[PDB]
Amino acid sequence: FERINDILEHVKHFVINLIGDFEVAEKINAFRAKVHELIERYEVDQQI
Amino acid sequence: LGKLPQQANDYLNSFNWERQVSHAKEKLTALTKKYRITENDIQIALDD
Numbered sequence: 001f002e003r004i005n006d007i008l009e010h011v012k013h014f015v016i017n018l019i020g021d022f023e024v025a026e027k028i029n030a031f032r033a034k035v036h037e038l039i040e041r042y043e044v045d046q047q048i
Numbered sequence: 049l050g051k052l053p054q055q056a057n058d059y060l061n062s063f064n065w066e067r068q069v070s071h072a073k074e075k076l077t078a079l080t081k082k083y084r085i086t087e088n089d090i091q092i093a094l095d096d
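Chains as they are written, first to last, in the numbering used here: chain A, 1 to 48; chain B, 49 to 96.
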């Protein structure tokens, strides 16, 4: 199973790299930046 | 009888827009720091 183990390791590494390339924390950070920008644009402090 | 308007004004000016802006800034700081998924921890967990 040396070849089987090597192929499994390669597949696992490819899956890990794909997940690292397609992350969700970057999307969450971008969304939080958008929310902060919208809050600053609406200027809640001036309204209150 | 005269203390009631004075107490009402003290309540109004104590909880003025200063506290509102302070709490808004606290919430923004928590969102920008505490409410952020650190990709560093994600990558450390993936590598481990």
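From the three backbone atoms N, C-alpha and C, an ideal C-beta is built for every residue, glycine too.
Q) Would you say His-13 (chain A) and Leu-76 (chain B) are within 8 angstroms of each other, going by their C-beta atoms? A) Cβ atoms of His-13 (chain A) and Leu-76 (chain B): not closer than 8 angstroms.
(Q) Does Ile-19 (chain A) come out as helix, strand or coil in the three-state DSSP assignment? (A) DSSP places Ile-19 (chain A) in helix when its eight states are reduced to three.
Q) For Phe-31 (chain A), which three-state DSSP category applies? A) Here DSSP, grouped into helix, strand and coil, assigns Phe-31 (chain A) to helix.
Q. Who are the neighbours of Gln-55 (chain B) on chain A, taking C-beta pairs under 8 angstroms?
A. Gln-55 (chain B) does not reach chain A, its nearest Cβ partner there being about 23 angstroms away, counting only Cβ pairs nearer than 8 angstroms.
Q) Does the ligand ZN have a heavy atom nearer than 7 angstroms to the CB of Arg-67 (chain B)? A) Although the ligand ZN was asked about, the structure shown includes no ligands whatsoever.
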